[PDB]
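Asks: My questions will all concern the structure given below.
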Amino acid sequence: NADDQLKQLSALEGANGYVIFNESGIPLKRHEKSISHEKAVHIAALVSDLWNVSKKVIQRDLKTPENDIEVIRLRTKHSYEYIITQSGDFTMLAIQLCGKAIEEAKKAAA
Amino acid sequence: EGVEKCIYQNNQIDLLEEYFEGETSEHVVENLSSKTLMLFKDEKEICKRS
């Protein structure tokens, strides 16, 4: 049942990869297309810092008591799009593309 | 289901696409001018000389 969602996420149009993290930093499950364990350890260190930093800053440096971050959407050059959410203790980092890059990826596959 | 929601929204429209990004005017009308750089002429001659 808990594997079918990983299959459901690649099925969504644009989706290259996903990586889930514990409260710790270990990656729980990643895609086969994005590198396994090597990048998953690397991509955890950045987002866990980026999250805990931003989580902290919004509660203190913005002087807004009780306002926790829900999503983070890093849009980039090419068509990459790094979406960071948090359900309970665990977090994750999906990577989607756009029509131009999806079309490029389909042409590369062809 | 929370990430699936955010994928959907960004897939609606590119939102960063620039219409005619890079490519210049291309064909532009150029009027035919003729700039007179310098006149030569004789000085204090008996009549004019063609």
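For the protein sequence lines, the chains are F and E, in the order given.
For the first sequence, PDB author numbering assigns the number 6 to the initial residue and increments by one for each residue that follows.
For the second sequence, PDB author numbering assigns the number 114 to the initial residue and increments by one for each residue that follows.
Yeah, the Cβ is synthetic: ideal placement off N, Cα and C, and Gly gets one too.
Could you name the residues of chain F that residue 174(E) contacts, counting a contact when the two beta carbons are closer than 7 Å?
Replies: Residue 174(E) falls outside the range modelled here, since chain E spans only 114 to 163, and no answer is possible.
Asks: Is the stretch 85 to 104 of chain F close to the stretch 6 to 23 of chain F, with three or more CB pairs under 8 Å?
Replies: yes
Asks: Rounded to the nearest angstrom, what separates residue 36(F) and residue 117(E) at their Cα positions?
Replies: Along the first sequence, read from residue 1 onward, the residue named residue 36(F) stands at position 31. Along the second sequence, read from residue 1 onward, the residue named residue 117(E) stands at position 4. In a straight line, the C-alpha of residue 36(F) is about 16 Å away from that of residue 117(E).
Asks: Determine the closest residue to residue 104(F) out of 114(E), 151(E), 130(E), 115(E), with distance taken between C-alpha atoms.
Replies: Residue 104(F) sits at position 99 when you count from the first residue of the first sequence. Comparing Cα-Cα distances from residue 104(F) to each of 114(E), 151(E), 130(E), 115(E), the minimum goes to 130(E).
Asks: Should residue 26(F) go down as buried or exposed, given a rule of 16 or more other Cβ atoms within 10 Å for buried?
Replies: Position 21 of the first sequence, counted from the first residue, corresponds to residue 26(F). Burial call: buried.
Asks: Can you list, in chain order, the residues of its chain with a C-beta nearer than 6 Å to that of residue 24(F)? Leave out the 5 residues immediately preceding and following it.
Replies: Your numbering for residue 24(F) matches position 19 in the first sequence. By the criterion of a C-beta distance shorter than 6 Å, residue 24(F) is surrounded in its chain by 32, 35, 45, 48, 98, once the five residues flanking it on both sides are discounted.
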